[PDB]
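Colleague: If you scroll down you'll find the structure; I have some questions about it.
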Amino acid sequence: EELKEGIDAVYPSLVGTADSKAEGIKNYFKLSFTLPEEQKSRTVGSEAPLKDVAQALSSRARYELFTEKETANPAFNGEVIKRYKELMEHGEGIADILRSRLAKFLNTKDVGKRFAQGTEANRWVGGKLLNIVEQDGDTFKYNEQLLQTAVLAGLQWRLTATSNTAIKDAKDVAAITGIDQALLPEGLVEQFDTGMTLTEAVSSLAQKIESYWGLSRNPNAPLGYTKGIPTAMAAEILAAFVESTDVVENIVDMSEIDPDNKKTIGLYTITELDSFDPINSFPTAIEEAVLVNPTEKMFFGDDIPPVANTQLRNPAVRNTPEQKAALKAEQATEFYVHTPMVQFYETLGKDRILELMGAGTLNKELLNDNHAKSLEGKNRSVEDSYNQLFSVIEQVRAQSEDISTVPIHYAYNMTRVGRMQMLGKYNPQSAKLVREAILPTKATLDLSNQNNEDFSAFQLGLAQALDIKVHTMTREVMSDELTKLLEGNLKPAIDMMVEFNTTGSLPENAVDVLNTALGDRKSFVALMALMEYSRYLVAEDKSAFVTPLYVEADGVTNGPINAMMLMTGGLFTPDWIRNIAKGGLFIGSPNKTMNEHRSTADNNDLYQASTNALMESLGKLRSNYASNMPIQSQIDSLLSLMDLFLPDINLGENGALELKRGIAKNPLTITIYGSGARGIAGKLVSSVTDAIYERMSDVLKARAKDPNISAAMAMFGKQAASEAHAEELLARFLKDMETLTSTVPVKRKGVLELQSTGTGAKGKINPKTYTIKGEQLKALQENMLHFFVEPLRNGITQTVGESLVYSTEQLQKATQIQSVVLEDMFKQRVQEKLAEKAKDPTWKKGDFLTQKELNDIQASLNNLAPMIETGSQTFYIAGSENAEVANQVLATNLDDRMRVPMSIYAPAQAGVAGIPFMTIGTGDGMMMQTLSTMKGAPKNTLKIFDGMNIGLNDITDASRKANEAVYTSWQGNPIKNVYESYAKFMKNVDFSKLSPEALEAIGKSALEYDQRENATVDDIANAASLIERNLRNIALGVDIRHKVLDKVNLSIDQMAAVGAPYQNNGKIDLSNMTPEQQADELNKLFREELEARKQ
DNA sequence: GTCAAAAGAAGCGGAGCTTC
Ligand SMILES: Nc1nc2c(ncn2[C@@H]2O[C@H](COP(=O)(O)OP(=O)(O)OP(=O)(O)O)[C@@H](O)[C@H]2O)c(=O)[nH]1
């Protein structure tokens, strides 16, 4: 244990004694950190890191010498060297800001003088940086090595942090702001997706600084310093960046939106470099110079990414051997730049791509104020996607004379839900624009004959890209439908692309030609299709046409179908057989494809089935209130408003109701995953308001282009035939808005009752400022909930089966009950340990527990089985990062601001997280994992969770393997996996040791409403073990069903499009049988197996 | 309560209570 001397040699002049038992000033940097066994950072021991690395970055030969490599990244040329010289000089500036801030901190309130006299200011929340200072005269100064290395990390973060930030949805913004997800004002989500919160900016910064420091944490040192000192350094660098205008600080006030919300939230945005910046072509030069094993970098040629050991943001969960092999298989896949599409993007230009694929140039007075904010977010996405692709291209272009032959590899990690995800925000897997420029798919096709199987594959790839629903029709019908389109509407776009692949130029009206020809088919993959087809037409050798065009083996209602197959526990019903067929499980029909099923057997998928069930449930709700005219008129209004703006809702001339699969897509998926009805209603209202705000922009665009046009024609002219027909549509809109915002349905004793809000919408509409806010959004939501959503939920249940709902409820309850105990015991063991440390003189409050002490508490929970094992997958549902455990500030900056909460990796309440965890995990997660590791695993693909892009040459076998992987996935039993660990939890849990806050939470899940309030510990313990019993019976049932189903002749085409189903070769033939006959025969085998286990 | 990642600022004082 001579490591005390080791780090003292490196940092001898730091203020303080390197022992916690000393009485003077104690140096907590040398107590918290040690030198690593093997070198991590090349700046360790350097007198002046900024000078040393600047010298390294000054030339290619010096960079090669510093990194001890023979050859350096060829993108690091003359222009890039010039820009790094300038960024290095900027590092000197940030370092200079940091020094003046320290000086100011030492002077204010005579802290410097007090600290020199013995005051332990280095243990304050805002003074932990005094652990890295040195004595200089009658004052203090930074340790230059530590300061400059931190600045270097700050510079790398400044360059690439934005391309690594997480995408924030509406739910995320809701959690930050404290405003209900449904009631969020327009554009606010866009504001918070562009910015970084305090914790977001600091944690990413502190991660960099600490790694750049290149030291190991001391397991026996308090978290308040091990995690606190680099966080303190991060907070100061951020404050320095605010001063230099590299980062813009925005304190957003919530009382401007929701007056009784008192949150003021800091939002931080990194100033973007101009996209033509030479540094964009190689932004990881510092990272690759400082670190022996750099995180951030592109992987070219045969430089393959390492395989991550632990689950993403779950350090307690190790990736299984099978998961690691999958991650290796995907990281081995070579990606290639498709030059034609890059050239196409480049020729169109950023502006015209924004025009074509976004909203283009915004006229902020021909646009509704709320509608403009949606369009700003649509442009931001496309523009950032465009810049980020061309930053990659520029680096790729430098690797070789031909870009199309440079192999690119991508890093992957396994998430909490067992999904293989490409790291970085804008990659082929996450960005559609990038997806069409960098492909792993490629094939040499014989297209000299339009009767080749190669040309059939080519047609399938074009049709799917052009928005033809290829899984709904056979290949032959697909072929004819593609021809009609190519020779019809697309012809002028094809002609324009033919000329582009001849002269290399586009016409001035390019956006117009593409927009008119594609219409609703407009997507990036559709632009690929026009490109690849026109390239084929001009091709010199059609016998050997090289193309990255792909076919996606796409899961048909993947989530819901997986849940139905994996978690239904009862006896087989005839409805289940018909409904599961909608997802590709065909019983007693050898070689049946999804194509044949949709065209000859059943054209309704699971979304449509639930939509038709919603229609039936609406008719049953109307009967219950047949004489109640106000209620009948209220349903009529909601449906009138939806029909008016949404394509999926249609009302006939005689009042006939027609609903399309569209409105059920998102609700069906999230309902099963445990989403509440109110969240669904909010989203439905949000898509209604979106279309209304958009229509207001259309009004202004008509009013300015014709000041004589009526308000009715301006809003409904594109829909109606005459003036009076438009006026009655305007009459509908104003009527519907009034009654739906002034009256709401409330459920009293199981009976719906209408109530006045007293906040109804009325007044002359101003199409510019028109906004539906606060009480009015809540009103529409209430009507949507009781008249549309609740009927749909009943329809969803009817479709997927009550047996599945029961299972998911049991799964949710079990995992919730377990997570509450884990969270509470952890918190209590933390408080137990913090009580002990108070009786310690060397310890002080503000310091936390040591990592070793936190490992002791985590390991003490092993008997409660926090992990769920499948044999090939591991899940930790409770696992989270949260500030509730420490409940204290970790560090502040030197202005007493930027107060970073101490986040601890600890268990938390699961909520309904258990359901998507297991469904996605053992469903699509397990499928893709299998698809990467199986015997004869499809190569050169791009996996996107429930869909796989395959090269045109291998569409047949890859699709069959995919369906085989689905079948393998359906051998899983997630409920058994949950039961296995919940049973261990039930044998070791003491419910009495739980807090009354935690005890009530378990009561919510375990007991019926009437029994909660104040039940005994023995009462909730009995109910918890009842759920254990329930789990066993479900798991028993799922196991039997799977075994029984395996004995029967099956054709599986869930990953549909190509028409290549997997056959299980079950010996028991069930052909020429009705679902009713099939159910009876399957149940005969069920009880046969059930009595075999019995004895 | 879908999930795939969390997440208020700041004066006075040196923690954590407090007000916007
Ligand atoms: N867990 C989870 N997965 C999602 C969610 N949204 C999308 N996904 C998955 O992420 C994948 C993204 O697919 P993309 O190819 O990027 O396109 P898309 O998201 O389907 O966008 P659209 O085509 O407009 O519907 C999908 O295959 C989904 O399975 C979500 O909200 N939660």
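Ordering of the structure tokens sets the chain letters (A, B, ...); residue numbers start at 1 within each chain; ligands are numbered from 1 in the order shown.
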At a cut-off of 6 Å and counting only C-alpha atoms (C1' of nucleotides) and all ligand atoms, what residues surround ligand 1? Please answer as JSON, numbers by chain.

Modeller: {"A": [430, 944, 945, 946], "B": [3, 4]}

Colleague: Could you give me, as a PyMOL selection string, the residues within 12 Å of residue A:1074, counting only C-alpha atoms (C1' of nucleotides) and dropping anything in the same chain fewer than 2 positions from it?

Modeller: chain A and resi 573-575+577-578+587-589+1070-1072+1076-1081

Colleague: Those selected residues, please, written with N, CA, C and O atoms and delivered as a PDB file, in the first residue's frame.

Modeller:
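Output file selection26.pdb is given in full below:
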ATOM      1  N   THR A 573     -57.750 -19.921 -27.067  1.00  0.00           N
ATOM      2  CA  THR A 573     -59.055 -19.457 -27.534  1.00  0.00           C
ATOM      3  C   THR A 573     -59.026 -19.309 -29.061  1.00  0.00           C
ATOM      4  O   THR A 573     -57.950 -19.132 -29.636  1.00  0.00           O
ATOM      5  N   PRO A 574     -60.198 -19.399 -29.726  1.00  0.00           N
ATOM      6  CA  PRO A 574     -60.249 -19.185 -31.175  1.00  0.00           C
ATOM      7  C   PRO A 574     -59.895 -17.755 -31.603  1.00  0.00           C
ATOM      8  O   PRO A 574     -59.345 -17.563 -32.691  1.00  0.00           O
ATOM      9  N   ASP A 575     -60.211 -16.769 -30.763  1.00  0.00           N
ATOM     10  CA  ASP A 575     -59.883 -15.368 -31.043  1.00  0.00           C
ATOM     11  C   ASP A 575     -58.373 -15.143 -31.046  1.00  0.00           C
ATOM     12  O   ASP A 575     -57.853 -14.419 -31.899  1.00  0.00           O
ATOM     13  N   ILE A 577     -56.030 -17.309 -31.793  1.00  0.00           N
ATOM     14  CA  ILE A 577     -55.484 -17.906 -33.011  1.00  0.00           C
ATOM     15  C   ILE A 577     -55.646 -16.978 -34.226  1.00  0.00           C
ATOM     16  O   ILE A 577     -54.698 -16.789 -34.997  1.00  0.00           O
ATOM     17  N   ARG A 578     -56.836 -16.394 -34.384  1.00  0.00           N
ATOM     18  CA  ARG A 578     -57.095 -15.435 -35.464  1.00  0.00           C
ATOM     19  C   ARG A 578     -56.268 -14.160 -35.323  1.00  0.00           C
ATOM     20  O   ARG A 578     -55.719 -13.663 -36.306  1.00  0.00           O
ATOM     21  N   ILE A 587     -50.981 -21.308 -38.056  1.00  0.00           N
ATOM     22  CA  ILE A 587     -51.101 -22.696 -37.636  1.00  0.00           C
ATOM     23  C   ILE A 587     -51.779 -23.504 -38.741  1.00  0.00           C
ATOM     24  O   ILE A 587     -52.790 -23.075 -39.305  1.00  0.00           O
ATOM     25  N   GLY A 588     -51.201 -24.662 -39.055  1.00  0.00           N
ATOM     26  CA  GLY A 588     -51.779 -25.590 -40.025  1.00  0.00           C
ATOM     27  C   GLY A 588     -51.917 -25.030 -41.428  1.00  0.00           C
ATOM     28  O   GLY A 588     -52.928 -25.255 -42.091  1.00  0.00           O
ATOM     29  N   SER A 589     -50.907 -24.286 -41.873  1.00  0.00           N
ATOM     30  CA  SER A 589     -50.862 -23.772 -43.241  1.00  0.00           C
ATOM     31  C   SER A 589     -49.407 -23.732 -43.710  1.00  0.00           C
ATOM     32  O   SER A 589     -48.791 -22.665 -43.716  1.00  0.00           O
ATOM     33  N   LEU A1070     -52.432 -29.613 -38.435  1.00  0.00           N
ATOM     34  CA  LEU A1070     -53.690 -28.934 -38.112  1.00  0.00           C
ATOM     35  C   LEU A1070     -54.292 -28.192 -39.310  1.00  0.00           C
ATOM     36  O   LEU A1070     -55.046 -27.231 -39.144  1.00  0.00           O
ATOM     37  N   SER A1071     -53.964 -28.656 -40.513  1.00  0.00           N
ATOM     38  CA  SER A1071     -54.519 -28.099 -41.746  1.00  0.00           C
ATOM     39  C   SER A1071     -55.985 -28.493 -41.924  1.00  0.00           C
ATOM     40  O   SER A1071     -56.460 -29.435 -41.288  1.00  0.00           O
ATOM     41  N   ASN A1072     -56.688 -27.764 -42.793  1.00  0.00           N
ATOM     42  CA  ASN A1072     -58.130 -27.942 -43.020  1.00  0.00           C
ATOM     43  C   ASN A1072     -58.936 -27.930 -41.717  1.00  0.00           C
ATOM     44  O   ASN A1072     -59.787 -28.792 -41.482  1.00  0.00           O
ATOM     45  N   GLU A1076     -61.549 -22.663 -34.262  1.00  0.00           N
ATOM     46  CA  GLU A1076     -62.291 -23.364 -33.209  1.00  0.00           C
ATOM     47  C   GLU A1076     -61.848 -24.820 -33.078  1.00  0.00           C
ATOM     48  O   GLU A1076     -61.675 -25.321 -31.965  1.00  0.00           O
ATOM     49  N   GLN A1077     -61.667 -25.489 -34.215  1.00  0.00           N
ATOM     50  CA  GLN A1077     -61.143 -26.855 -34.248  1.00  0.00           C
ATOM     51  C   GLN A1077     -59.704 -26.895 -33.745  1.00  0.00           C
ATOM     52  O   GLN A1077     -59.322 -27.809 -33.008  1.00  0.00           O
ATOM     53  N   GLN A1078     -58.917 -25.896 -34.151  1.00  0.00           N
ATOM     54  CA  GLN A1078     -57.509 -25.798 -33.774  1.00  0.00           C
ATOM     55  C   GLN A1078     -57.345 -25.564 -32.276  1.00  0.00           C
ATOM     56  O   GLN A1078     -56.468 -26.159 -31.646  1.00  0.00           O
ATOM     57  N   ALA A1079     -58.202 -24.709 -31.715  1.00  0.00           N
ATOM     58  CA  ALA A1079     -58.208 -24.427 -30.280  1.00  0.00           C
ATOM     59  C   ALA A1079     -58.513 -25.678 -29.461  1.00  0.00           C
ATOM     60  O   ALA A1079     -57.852 -25.945 -28.458  1.00  0.00           O
ATOM     61  N   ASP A1080     -59.507 -26.444 -29.903  1.00  0.00           N
ATOM     62  CA  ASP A1080     -59.903 -27.673 -29.223  1.00  0.00           C
ATOM     63  C   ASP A1080     -58.794 -28.720 -29.234  1.00  0.00           C
ATOM     64  O   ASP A1080     -58.559 -29.388 -28.223  1.00  0.00           O
ATOM     65  N   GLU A1081     -58.112 -28.849 -30.371  1.00  0.00           N
ATOM     66  CA  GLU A1081     -57.007 -29.798 -30.502  1.00  0.00           C
ATOM     67  C   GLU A1081     -55.764 -29.360 -29.719  1.00  0.00           C
ATOM     68  O   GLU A1081     -55.059 -30.197 -29.153  1.00  0.00           O
TER      69      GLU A1081
END

Colleague: Using only C-alpha atoms (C1' of nucleotides), determine which residues of chain A fall within 7 Å of chain B; present them as a compact mmCIF listing (two decimals) with N, CA, C and O atoms, in the first residue's frame.

Modeller:
# COMPACT_ATOMS: atom_id res chain seq x y z
N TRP A 124 -15.90 22.25 1.76
CA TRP A 124 -17.17 22.92 1.47
C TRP A 124 -17.68 22.50 0.10
O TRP A 124 -16.91 22.07 -0.76
N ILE A 176 -38.56 17.27 -16.15
CA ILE A 176 -37.66 18.37 -15.84
C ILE A 176 -38.44 19.58 -15.33
O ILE A 176 -38.11 20.16 -14.29
N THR A 197 -29.53 20.46 -19.52
CA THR A 197 -29.77 20.82 -18.13
C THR A 197 -28.44 20.85 -17.39
O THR A 197 -27.43 20.35 -17.90
N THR A 199 -27.28 19.19 -14.73
CA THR A 199 -26.77 17.83 -14.49
C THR A 199 -26.23 17.19 -15.77
O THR A 199 -25.19 16.54 -15.75
N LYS A 262 -42.95 27.05 -9.46
CA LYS A 262 -41.91 27.99 -9.02
C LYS A 262 -40.48 27.58 -9.43
O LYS A 262 -39.51 28.15 -8.94
N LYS A 263 -40.38 26.62 -10.34
CA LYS A 263 -39.09 26.17 -10.86
C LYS A 263 -38.47 27.18 -11.83
O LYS A 263 -39.14 27.69 -12.73
N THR A 264 -37.19 27.46 -11.63
CA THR A 264 -36.38 28.16 -12.62
C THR A 264 -35.28 27.20 -13.04
O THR A 264 -34.46 26.78 -12.22
N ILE A 265 -35.28 26.83 -14.32
CA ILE A 265 -34.42 25.75 -14.82
C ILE A 265 -33.33 26.27 -15.74
O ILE A 265 -33.61 26.95 -16.73
N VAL A 417 -33.23 -2.54 -21.82
CA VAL A 417 -34.29 -3.34 -22.43
C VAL A 417 -33.75 -4.37 -23.43
O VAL A 417 -34.50 -4.88 -24.28
N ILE A 670 -48.58 1.28 -26.40
CA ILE A 670 -48.28 1.83 -25.08
C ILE A 670 -49.22 1.35 -23.99
O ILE A 670 -48.83 1.26 -22.82
N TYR A 673 -47.84 -1.86 -22.75
CA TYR A 673 -46.65 -1.50 -21.98
C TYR A 673 -46.96 -0.78 -20.66
O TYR A 673 -46.04 -0.42 -19.91
N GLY A 674 -48.24 -0.55 -20.39
CA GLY A 674 -48.68 -0.07 -19.08
C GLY A 674 -48.96 1.42 -18.97
O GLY A 674 -49.13 1.94 -17.87
N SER A 675 -49.01 2.11 -20.11
CA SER A 675 -49.35 3.53 -20.14
C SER A 675 -50.80 3.74 -19.72
O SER A 675 -51.67 2.93 -20.03
N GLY A 676 -51.04 4.83 -19.00
CA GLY A 676 -52.39 5.20 -18.58
C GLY A 676 -53.21 5.74 -19.73
O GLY A 676 -52.68 6.06 -20.79
N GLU A 881 -30.22 6.01 -11.67
CA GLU A 881 -29.40 7.08 -11.12
C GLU A 881 -30.38 8.04 -10.47
O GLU A 881 -31.36 8.45 -11.10
N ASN A 882 -30.16 8.40 -9.21
CA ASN A 882 -31.05 9.35 -8.54
C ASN A 882 -30.42 10.15 -7.39
O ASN A 882 -29.51 9.67 -6.71
N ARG A 897 -23.04 29.10 -7.39
CA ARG A 897 -24.10 28.71 -8.32
C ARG A 897 -23.76 27.37 -8.98
O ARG A 897 -22.79 26.72 -8.60
N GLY A 911 -42.41 1.44 -11.22
CA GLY A 911 -43.64 1.94 -11.84
C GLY A 911 -44.23 0.84 -12.70
O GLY A 911 -44.48 -0.26 -12.22
N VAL A 912 -44.43 1.14 -13.98
CA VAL A 912 -44.89 0.13 -14.93
C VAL A 912 -43.75 -0.33 -15.86
O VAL A 912 -43.99 -1.04 -16.84
N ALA A 913 -42.52 0.06 -15.52
CA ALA A 913 -41.34 -0.24 -16.34
C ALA A 913 -41.12 -1.73 -16.60
O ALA A 913 -40.56 -2.11 -17.62
N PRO A 916 -42.61 -3.13 -20.37
CA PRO A 916 -41.77 -2.95 -21.57
C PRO A 916 -40.39 -3.59 -21.45
O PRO A 916 -39.87 -4.09 -22.44
N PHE A 917 -39.81 -3.58 -20.24
CA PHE A 917 -38.51 -4.22 -20.01
C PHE A 917 -38.51 -5.67 -20.50
O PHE A 917 -37.64 -6.06 -21.28

Colleague: Would you mind listing what lies within 12 Å of residue A:810 as a count of residues only, with only C-alpha atoms (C1' of nucleotides) counted and same-chain residues fewer than 5 positions away left out?

Modeller: 34

Colleague: Give me, please, the distance in Å between atom CA of residue A:410 and atom CA of residue A:302, quoted to one decimal.

Modeller: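 Computing the Euclidean distance for atom CA of residue A:410 and atom CA of residue A:302 yields 11.8 Å.
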
Colleague: Which of these residues is nearest to residue A:865, using only C-alpha atoms: A:381, A:755, A:449, A:988?

Modeller: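 Residue with the minimum atom-to-atom distance to residue A:865: A:988.
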
Colleague: Which polymer residues have any atom within 9 Å of an atom of residue A:542, counting only C-alpha atoms (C1' of nucleotides), with same-chain residues fewer than 2 positions away left out, as a list in words?

Modeller: residues 445, 446, 447, 448, 449, 536, 537, 538, 539, 540, 544 and 545 of chain A

Colleague: Write a file of the selected residues as a PDB file, in the first residue's frame, keeping N, CA and C atoms.

Modeller:
ATOM      1  N   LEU A 445     -26.074  -7.107 -58.657  1.00  0.00           N
ATOM      2  CA  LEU A 445     -27.288  -7.706 -59.202  1.00  0.00           C
ATOM      3  C   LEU A 445     -27.242  -7.908 -60.709  1.00  0.00           C
ATOM      4  N   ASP A 446     -27.813  -9.023 -61.153  1.00  0.00           N
ATOM      5  CA  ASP A 446     -28.021  -9.291 -62.571  1.00  0.00           C
ATOM      6  C   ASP A 446     -29.387  -8.733 -62.958  1.00  0.00           C
ATOM      7  N   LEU A 447     -29.390  -7.503 -63.472  1.00  0.00           N
ATOM      8  CA  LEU A 447     -30.631  -6.803 -63.819  1.00  0.00           C
ATOM      9  C   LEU A 447     -30.839  -6.692 -65.327  1.00  0.00           C
ATOM     10  N   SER A 448     -30.079  -7.483 -66.084  1.00  0.00           N
ATOM     11  CA  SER A 448     -30.178  -7.516 -67.543  1.00  0.00           C
ATOM     12  C   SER A 448     -31.503  -8.118 -68.021  1.00  0.00           C
ATOM     13  N   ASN A 449     -32.167  -8.859 -67.137  1.00  0.00           N
ATOM     14  CA  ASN A 449     -33.469  -9.450 -67.427  1.00  0.00           C
ATOM     15  C   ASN A 449     -34.459  -9.123 -66.313  1.00  0.00           C
ATOM     16  N   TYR A 536     -29.852   2.669 -62.410  1.00  0.00           N
ATOM     17  CA  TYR A 536     -30.060   1.425 -63.150  1.00  0.00           C
ATOM     18  C   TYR A 536     -30.352   1.680 -64.631  1.00  0.00           C
ATOM     19  N   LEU A 537     -31.124   2.726 -64.912  1.00  0.00           N
ATOM     20  CA  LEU A 537     -31.505   3.061 -66.281  1.00  0.00           C
ATOM     21  C   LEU A 537     -30.324   3.542 -67.124  1.00  0.00           C
ATOM     22  N   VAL A 538     -29.416   4.296 -66.509  1.00  0.00           N
ATOM     23  CA  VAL A 538     -28.246   4.826 -67.214  1.00  0.00           C
ATOM     24  C   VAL A 538     -27.043   3.878 -67.170  1.00  0.00           C
ATOM     25  N   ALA A 539     -27.165   2.798 -66.401  1.00  0.00           N
ATOM     26  CA  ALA A 539     -26.056   1.864 -66.168  1.00  0.00           C
ATOM     27  C   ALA A 539     -25.531   1.216 -67.447  1.00  0.00           C
ATOM     28  N   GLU A 540     -24.208   1.214 -67.578  1.00  0.00           N
ATOM     29  CA  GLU A 540     -23.516   0.635 -68.729  1.00  0.00           C
ATOM     30  C   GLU A 540     -23.639  -0.886 -68.735  1.00  0.00           C
ATOM     31  N   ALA A 544     -24.216  -6.425 -63.948  1.00  0.00           N
ATOM     32  CA  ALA A 544     -23.416  -6.330 -62.730  1.00  0.00           C
ATOM     33  C   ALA A 544     -23.607  -4.979 -62.033  1.00  0.00           C
ATOM     34  N   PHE A 545     -24.862  -4.669 -61.709  1.00  0.00           N
ATOM     35  CA  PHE A 545     -25.218  -3.403 -61.075  1.00  0.00           C
ATOM     36  C   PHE A 545     -24.981  -3.454 -59.569  1.00  0.00           C
TER      37      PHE A 545
END

Colleague: Please list as a list in words every residue within 7 Å of residue A:658, counting only C-alpha atoms (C1' of nucleotides) and excluding residues in the same chain fewer than 4 positions away.

Modeller: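 The filter keeps residues 649, 650 and 651 of chain A.
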
Colleague: Would you list the contacts of residue A:318 as JSON, numbers by chain, taking every protein, DNA or RNA residue within 6 Å and counting only C-alpha atoms (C1' of nucleotides), but skipping same-chain residues closer than 3 positions in sequence?

Modeller: {"A": [309, 310, 311]}

Colleague: Give me a file of those residues, with N, CA and C atoms, as a PDB file, in the first residue's frame.

Modeller:
ATOM      1  N   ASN A 309     -18.387  -4.189 -21.548  1.00  0.00           N
ATOM      2  CA  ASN A 309     -18.589  -5.226 -20.536  1.00  0.00           C
ATOM      3  C   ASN A 309     -19.914  -5.131 -19.791  1.00  0.00           C
ATOM      4  N   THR A 310     -20.339  -3.910 -19.491  1.00  0.00           N
ATOM      5  CA  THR A 310     -21.559  -3.718 -18.720  1.00  0.00           C
ATOM      6  C   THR A 310     -22.651  -3.036 -19.524  1.00  0.00           C
ATOM      7  N   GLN A 311     -23.888  -3.398 -19.194  1.00  0.00           N
ATOM      8  CA  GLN A 311     -25.099  -2.798 -19.739  1.00  0.00           C
ATOM      9  C   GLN A 311     -25.057  -1.275 -19.624  1.00  0.00           C
TER      10      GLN A 311
END

Colleague: Skip residue A:488 itself and residues of its chain fewer than 5 positions away, then list as a PyMOL selection string all residues within 10 Å of it, counting only C-alpha atoms (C1' of nucleotides).

Modeller: chain A and resi 482-483+517

Colleague: Give me every alpha helix (DSSP H) residue in stretch 678-733 of chain A, going by DSSP on the backbone, as a VMD selection string.

Modeller: chain A and resid 678 to 703 711 to 716 723 to 733

Colleague: Check the DSSP output for the backbone and give back, as a PyMOL selection string, the residues of stretch 774-998 of chain A in strand (DSSP E or B).

Modeller: chain A and resi 845+847+850+868-869+874-875+879-882+889-891+900-901+904-907+942-943+947-951

Colleague: Could you tell me which of A:128, A:793, A:141, A:1043 comes closest to residue A:98 if we count only C-alpha atoms?

Modeller: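 Of the candidates, the smallest distance to residue A:98 is held by A:141.
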
Colleague: May I ask which of the residues A:969, A:692, A:634, A:235 is the closest one to residue A:738, counting only C-alpha atoms?

Modeller: A:634
